[PDB]
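Following this are structure 1 and structure 2, which are two forms of one protein chain, each written alone as structure tokens.
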Structure 1
């Protein structure tokens, strides 16, 4: 593909899963993609697979790493067109009493402040290229989830911050958007399902958790990101739902039994 040929993209948390789907979609559209991740195993494997991808061992919670990430991207490739902030962690299920303020702070560092720091340091270069920012949030930021108070809070912050940044950078023509995935299949999901008491039933339940009757794929998140970067020139501050309809009344009305 050539929809993003000659462009340079940074993807944080790009080493596997959703992030790697985003990396792959951008490489397939002709872009040069810099993977910033602490997941060296996955980032190196993706670099091995995809000639247009470059892996940098990089922790978005460390300001020095982010500074080096940006300066190396510009040194090596001369420009920066798109930042995709996918770094972030979903803790295991935890009731409010099973969480701590210290853990909440740690999760805000990774899921929110890493996005903040990279976006801030990238903006001078994005202004030069009339580039754009894509934040990967979550449907649970919009409608909540049980047993995930810290995670939900961090993703509500990301979606709101996207809108604030969109307003602040609109005079420069720099768009800032987010994608909110629902249930996305990954190899990790498949491995965990195989250890359930009834894998067939657990898999079917996951597929039926949204109206489309299957889980999403990383490539589908990736295609949404390439759209936002390359063709959505009048979109800024939007939340693009990639959920298979999970937020719909599927929540089905019981106004009659």
Structure 2
């Protein structure tokens, strides 16, 4: 009942963190529009969850996103929350192995897709005093090795969240982000499979957190439901869901030369 009667759009909701967010909002009583560029996971989720429907939509295609918003309004009559979760982490890449072209393409997905849906949704969010939740990353704040383009995109998302929070505050629309750390998702599994020792990569990922495990999509989903439903004095915050990875010292002649 915590978010009953509300309508939520989750991008990249077909698997991983996005699917966990979809489930959390359905369990809170909301109706959820699952947006994904891939049919497989999202179509099955729509069949599984009564309060959820699937709309095929690539967030990098402006006309897909326009139709996503117009269809949400046509079918459900209101829009209360947009969760900008669609995003990608490329394989580890040394800086000299990156390209400006690949950087631009990653910006299109991780940053501009979030910008585009938010812009198209804002007129409806103003009517409902709704809110925006962007899924950024801990690595936007602290950096990550072999990931210059990805880190840059997430630093942009977190900063953009604060700017938009300032601009939308007079209209009662809150804008927040969640910065997850290592969350066990199909992306994590796919990237690990490309590594020389996948099991050692997964173990290193678990041990990066003081809690000694990776996080779950359900845990990111609970943070999202909190931000939407019970955080009415929170705007422009970065909610860390990281297991403590940012805390303390870790493994990163004369001792000082």
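Numbering follows the first chain given and starts at 1. Only residues modelled in both forms are compared. By rigid core we mean the largest C-alpha set that fits within 1.5 Å across both forms.
Of the residues checked (96, 103, 171, 187), the rigid-core alignment between structure 1 and structure 2 shows a Cα shift of at least 2 Å for 187 alone. Relative to the superposed rigid core, the position of the CA of residue 202 differs between structure 1 and structure 2 by 2 Å or more. Lined up on the core, residue 162 has its CA atom moved by 0.1 Å between structure 1 and structure 2. Look at residue 39: with the core superposed, its C-alpha moves 2.0 Å between structure 1 and structure 2.
Core-based superposition between structure 1 and structure 2 shows that the consecutive residues, three or more at a time, whose C-alphas shift by 2 angstroms or more lie in one run only, 186-208.
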